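Chemist: part one of the complex, left exactly where it sits:
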Amino acid sequence: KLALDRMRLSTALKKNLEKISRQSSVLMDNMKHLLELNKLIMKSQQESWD
């Protein structure tokens, strides 16, 4: 069930990708914040490894 749902979301998201980079939406903002987080988390993970 989960795999089917993810595939559906991926294809629908692909079909409307051009509309997304027009942006000027709350969802576009959320994506910019998400990029900032992931980077910090991965750096902290590497330091913990060492």
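Modeler: In hand now; what should we look at? Residues are numbered from 1 along each chain as shown, chains lettered A, B, ... in the order given.
Chemist: Output the helix or strand encompassing residue A:18 as CSV, restricted to C-alpha atoms.
Modeler: Here residue A:18 sits within helix A:17-20, counting by DSSP states H and E. Only the C-alpha atoms of helix A:17-20 are listed here, as CSV (Å, rounded to 0.1, in the frame of the first residue of the first chain):
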residue,chain,number,x,y,z
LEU,A,17,6.6,20.4,-11.7
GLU,A,18,6.6,23.5,-14.0
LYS,A,19,3.8,25.2,-12.0
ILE,A,20,5.9,24.7,-8.8
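Chemist: with the structure above as the base, add chain B:
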Amino acid sequence: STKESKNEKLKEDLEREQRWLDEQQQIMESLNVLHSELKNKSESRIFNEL
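Modeler: Below, chain B sits with the chains from the block before:
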């Protein structure tokens, strides 16, 4: 936030364990020397000192 807290605790634990290891190495050297010295180191003789 949780990852940051984990990293801080890891650093503090690291310094503390380093100090403990140093002290324990000193103690081990002392024990080795003492056992070596003791290993390197009857009625008639006892009656003599009295």
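Chemist: Contacts for the helix holding residue A:18, please.
Modeler: Applying C-beta atoms under 8 Å, 6 or more residues apart in numbering or on different chains, the contact partners of helix A:17-20 are A:27-28. Backbone N, C-alpha and C define where each C-beta goes, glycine included.
Chemist: anything in the helix or strand just after that helix near chain B?
Modeler: Next along the chain after helix A:17-20, taking DSSP H and E as the criterion, comes helix A:26-49. Yes: judged by C-beta under 8 Å from any C-beta of the partner chain, helix A:26-49 and chain B are in contact via A:41, A:44-45, A:47-48.
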